[PDB]
């Protein structure tokens, strides 16, 4: 039960770029700026009204990274007196920014919070470690790929994909079932995109092509000519006879979102248009070896706190990190597929780590309204063994 009412007054997200694709030259700061500017504009929220900036970002991937939230705030015209915070709850960061914004409003340290999520995975650097203070002749120094090493949880020494294979084994999910889920995500993404279901949320970006400047407004990672036959032919990537392939895992990607939230007092004072109310949220830890299950206790705990049941949810979103991971969650919670990831997910449009939770939230806000539904919950598993969920109510 939130101590004060907290309302979403704007929600936008960039198109998601493929790894090395159309957005590769924009930093995570840049992408976040683009989403935030679009949100301010779409909500007719004056920057002057923003009291706090909170950005989710996981992997620092530019020379200006440590300043990310502050630079976004300043670039979009929010006053210099407004403070700025960057947070990291890995894959859940896009949802977490909103959770921190809710807390600030609820203890009356803010009235209006810009809560975003962003990631540029294309920009993840190579790191040279241990050479500041001399080297030993004959040592084995790496140009370490900061992205690749970050996709292994060194506490349990598992790649994220292997934590998904664990769930495939535990929940009896076959390779065939994973590929069918992947196909459905592609189909759903395609249907939704072509129907306009991403129009209200989309923050188009001007990009360079060999054809000159163009407006990017469609997700680049999506593969709308996918067939089950093609997916069946892909080899498992991490495990012999495993379930996880390049076709049924989420892609590495670039992207951002921005959700602006406000107290009731602020909505009235500034004549904002509330689009949803934040009803509840929950963060839980879980076993790092099966981190993909995070959404199970996170959704359950959030529902419990809000006094709601899964049957009350018109929409559920569970971030598609890996098909077998998602399917495990579907089976554990007995989710109704007709109301879950209805417009595709990260298998189709990618998983920019910090950005996915902002996109999911922004999508739920607009899609819940489009359907005339009452409640939705968005969630993500989190590398290292956490989960997060946020429940919204249409206004």
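Positions refer to the first chain, counted from 1.
Student: Averaging the C-alpha B factors as listed in the entry, name the stretch that ends up higher: 126-134 or 74-82.
Tutor: The deposited B-factors put 126-134 ahead on the C-alpha mean.
Student: Per the PDB record, is the mean Cα temperature factor higher over 237-245 or over 319-327?
Tutor: If you average the C-alpha B-factors of 319-327 and of 237-245, the larger mean comes out for 237-245.
Student: Based on the PDB record, which member of 383, 17, 378, 373 exhibits the highest Cα temperature factor?
Tutor: Answer, based on the entry's C-alpha B-factors: 373.
Student: Looking at 95, 282, 181, 198, which has the highest CA B-factor as recorded?
Tutor: The record points to 181.
Student: Can you work out whether the C-alpha temperature factor of residue 313 puts it in the lowest, middle or highest third of the chain?
Tutor: Highest third - that is where residue 313 ends up once the chain's C-alpha B-factors are sorted.
Student: Looking at the entry's B-factor column for C-alpha atoms only, identify whether residue 389 ranks in the lowest, middle or highest third of its chain.
Tutor: Within its chain, residue 389 is a lowest-third residue by C-alpha B-factor, going by the deposited values.
Student: Compare the C-alpha B factor of residue 335 with those of the other modelled residues in its chain, then answer lowest, middle or highest third.
Tutor: According to the entry, residue 335 has a C-alpha B-factor in the chain's highest third.
Student: Using the B-factor values recorded in the entry, state whether the Cα atom of residue 101 falls in the lowest, middle or highest third among the modelled residues of its chain.
Tutor: Its C-alpha B-factor, which the entry lists for residue 101, ranks in the lowest third among residues of this chain.
Student: Considering every modelled residue of the chain and its Cα B-factor in the PDB entry, is residue 36 in the lowest, middle or highest third?
Tutor: Answer is lowest: the recorded C-alpha B-factor places it there.
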